[PDB]
Amino acid sequence: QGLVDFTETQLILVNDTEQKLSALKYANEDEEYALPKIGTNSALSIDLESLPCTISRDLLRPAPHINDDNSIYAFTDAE
Amino acid sequence: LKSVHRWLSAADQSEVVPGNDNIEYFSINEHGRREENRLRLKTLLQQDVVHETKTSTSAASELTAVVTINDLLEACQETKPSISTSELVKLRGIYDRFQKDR
């Protein structure tokens, strides 16, 4: 990483002849996800997946002050 | 090995790296090879590592010895006789005298 000298830097053309760029995404969804189940007492077809690492007390946005209340501390995305 | 040379070294291997499948050569044509500096060529790396590939080690079609009469002609031009008559003139005596004689 660094600054570019627009007077004297290698500004190298590369052609994506293999359209690899089409595999890239910024996480944005193209459409609303299939079949929301709001109001159902239960939900299905979501798996469980072991953490790649432990996560701190700080990294969760909610952090209620109880000395011992949450050690199982699981989490899931807005889905 | 002489017979193998007419199957492994002649033509392709003396002229090019033969091969098939995988990432292969491509006409990348990305930029001139030496214009901004003498080292532009092959600055970019390959796209992916190969998973696996399968191919037989030998056949009558490839890599076999393909022996010929003229390879044996070369072989016999390169004769190396194990002994010479300067020994056999003595050894022949040693042979024949070994029987009927003591």
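Residues numbered from 1 in each chain as written, not as in the entry; some residues may be left out. Chains lettered and ligands numbered in written order. Part of a larger assembly, values for the part shown. Heavy atoms only, no water. Residues with missing side-chain atoms left out of burial classes, pairs and counts.

Deposited coordinates in this entry are attributed by the record to cryo-EM, at a stated resolution of 4.7 Å.

A. Main features of unusual backbone geometry. Residue A:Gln19 is not a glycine yet carries a positive backbone phi of 55 degrees. With a phi close to 60 degrees, B:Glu24 is a non-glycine residue in the positive phi region. As for its placement among the helices and strands, B:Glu24 is situated in the loop between α2 (12-15) and α3 (69-77). (Helix = DSSP H or I, 4+ residues; strand = E, 2+ residues; numbered from the N terminus.)

B. Looking closely at the pattern of salt bridges. Measuring nitrogen to oxygen at the nearest pair gives 3.0 Å for the salt bridge that ties A:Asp16 to A:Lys20. Residues B:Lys2 and B:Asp71 are paired through a salt bridge, measuring 2.8 Å at the closest nitrogen-oxygen approach. Here the residue B:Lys2 occupies a position in helix α1 (residues 2-8), and B:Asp71 occupies one in helix α3, the gap between them amounting to 69 residues. It is possible to trace a salt-bridge network through shared partners that takes in B:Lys2, B:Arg6 and B:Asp71. (Salt bridge = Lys/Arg side-chain N within 4 Å of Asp/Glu carboxyl O.)

C. Just the side chain of B:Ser3, in detail. Residues and elements named next belong to chain B. Mapped onto the elements of the fold, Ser3 is located in helix α1. Here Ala65 takes part through its backbone oxygen, which lies 2.6 Å from a polar atom of the side chain of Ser3. A distance of 3.3 Å separates the side chain of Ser3 from the backbone oxygen of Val66, its partner in a polar contact. Here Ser3 is in contact with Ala65, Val66, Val67, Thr68 and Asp71, once residues within four sequence places are set aside. (Polar contact = N/O pair within 3.5 Å; in protein donor to acceptor, adjacent residues only side chain to side chain. Contact = heavy atoms within 4.5 Å.)

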